[PDB]
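Just the one chain here, the form deposited in one PDB entry, laid out as structure tokens.
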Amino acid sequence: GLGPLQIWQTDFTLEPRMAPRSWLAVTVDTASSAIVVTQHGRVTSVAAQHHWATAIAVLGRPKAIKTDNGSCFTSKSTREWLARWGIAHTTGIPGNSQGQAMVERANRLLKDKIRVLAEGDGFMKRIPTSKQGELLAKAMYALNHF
């Protein structure tokens, strides 16, 4: 049982094609490379908690999650939510540089796939609100192919 560590990297990335809920919260399980994404109207502490509750239902509970120092991830509210779950959190090392690189790469592959799938459906600018969820789901499936 000397298998990979159950550690996640999480980040928010802006995607105007998904407006009005244009902030995409993306989590990469570093142990399997699975990706989970959710959309939100604003980046708050509560959006990050909503995102991780879903990721937890999808990937199970991690031992730890690594984020940057964005304030939605470092407020007291977030620290308490993570403590209630027993999940450890680290924002890395002060002036990390790298070490968030996997989720930054997932952010980019994700936006590219949304753009090619959207354009494939004839949406060259914003994706109609009513079509967003299924297209976000399709991009997520295309990047995991469970």
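A residue's number is simply how far along the shown sequence it sits, counting from 1. Take the two forms, find the largest set of C-alpha atoms that superpose within 1.5 Å, and that set is the rigid core.
Checked against the record, the higher mean CA B factor of 88-96 and 62-70 lies with 88-96. On average the C-alpha atoms of 122-130 have higher B-factors than those of the other stretch, with 122-130 and 17-25 being the two compared. Set against one another, the Cα B-factors of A31, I114, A53, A106 in the record reach their highest point at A31.
The PDB entry assigns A101 a C-alpha temperature factor belonging to the highest third of its chain's modelled residues.
Annotation for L5: C-alpha temperature factor in the highest third relative to the rest of the modelled chain, per the entry.
Below, we turn to the form deposited in another entry, even though it does not appear here.
Just one residue from the list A57, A83, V116, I93 crosses the 2 Å line for C-alpha shift between this form and the one not shown on a rigid core fit, and it is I93.
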